[PDB]
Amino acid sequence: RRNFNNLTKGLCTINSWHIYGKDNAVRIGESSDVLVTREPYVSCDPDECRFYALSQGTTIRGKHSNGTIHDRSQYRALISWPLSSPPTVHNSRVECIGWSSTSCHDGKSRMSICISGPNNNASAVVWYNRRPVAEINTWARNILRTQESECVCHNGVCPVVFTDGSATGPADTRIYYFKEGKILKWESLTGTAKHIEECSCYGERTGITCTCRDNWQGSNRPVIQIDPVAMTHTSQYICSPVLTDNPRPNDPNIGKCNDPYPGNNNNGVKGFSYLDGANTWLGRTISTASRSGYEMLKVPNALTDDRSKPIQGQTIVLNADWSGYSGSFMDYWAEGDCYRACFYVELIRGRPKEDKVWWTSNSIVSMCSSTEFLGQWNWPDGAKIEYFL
């Protein structure tokens, strides 16, 4: 009875951001069976929106939380759970097993992809309506990996960005196009982006826009623009001198559109943007050195204007508080004439920055745009680490 969703609207005008969801997972997990997670995101079905993350296969208070700084193990899985609840043993639904993921609903059913394996022999399994449908073996034998936030579909076609290869040099990035979990096509990355990790994507009538992480030489973010009908793409960098990776140099007065802006090598953080002419907003950590704080900045024409600077902003997380990965999502099934931009911020607690505990986990905060100019709060994780000692 359901039809595939088509991307037929533009973005709503973003004049501020309002609270959407928050799970307080570390606070609650001090005294409840909350799973250790990282790499969270949010994704909507036609009738519900849910939180997602990679479990570590242990609760926070469990003794197996010791060592959860590590990224890849056989005990990780993509889980989903109700919006603004914390991920518990009892409410977390496993989507698939592995240590790197994406997921999206096409209007009829959900596709979830999880990668598992050793570093030199990893494979993706593509699930559609809760069944495995297709599998993809590593092509570069060096940590096949994907977005860590939601994909986006148009008329049943759901593109997904993957990378396999070095994190500190040229790698082999591919864009796959799925329909009902089946591989329609893949293509190698083209354009001027020089390194791609952890793309954060959203869709609108123009196409699908992904803002990624250059882990090699860049502190400006690469952008992949996908046409899901033709199944083709382009890439470049955000031209603006408002640099949005982390760590990063200080903001210059001229950015770089077709190459990495230099100064910080071999590191980064997953992040996102909404690139929409005069309605452009960029997210970034407040700190240039570490994953602390989070702000949204209105930077007109950031994608294309190598002199562009902010004209409005909003603090999301104070610089005194830990942040983490961030990514885009939207509720494509909400009624109205425009798609309301949304995002989440991962609020990382524990190692490496808080090493009196032996675990690493996170909570989630998420916001959506308003056409009002709303007052701002700040949204910390809220747990007192000393309680875990």
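Residue indices: 1-based, along the sequence shown.
Chemist: If you average the CA temperature factors as listed in the entry, which stretch comes out higher, 163 to 171 or 115 to 123?
Modeler: In the deposited entry, the stretch with the higher C-alpha B-factor mean is 163 to 171.
Chemist: Please compare 97 to 105 with 248 to 256 and say which has the higher mean C-alpha temperature factor in the record.
Modeler: The deposited B-factors put 248 to 256 ahead on the C-alpha mean.
Chemist: Could you say which of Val36, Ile69, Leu347, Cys44 has its CA atom at the highest B factor, as listed in the PDB entry?
Modeler: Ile69 has the highest C-alpha B-factor of those listed.
Chemist: Return the residue from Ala140, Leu282, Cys201, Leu78 that has the highest Cα B-factor in the entry.
Modeler: Across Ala140, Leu282, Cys201, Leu78, the entry lists the biggest C-alpha B-factor for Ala140.
Chemist: Which third of the chain does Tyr237 land in by C-alpha B-factor: lowest, middle or highest?
Modeler: It falls in the middle third of the chain.
Chemist: Compare the C-alpha B factor of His64 with those of the other modelled residues in its chain, then answer lowest, middle or highest third.
Modeler: CA B-factor rank for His64: middle third.
Chemist: Using the temperature factors of the C-alpha atoms in this entry, rank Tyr339 within its chain: lowest, middle or highest third.
Modeler: Middle third, going by the recorded CA B-factors of the chain.
Chemist: Using only modelled residues of the chain, where does the Cα B factor of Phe329 rank: lowest third, middle third or highest third?
Modeler: Tercile = lowest for this residue's CA B-factor.
Chemist: How does the C-alpha B factor of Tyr274 compare with the rest of the chain: lowest, middle or highest third?
Modeler: It falls in the bottom third of the chain.
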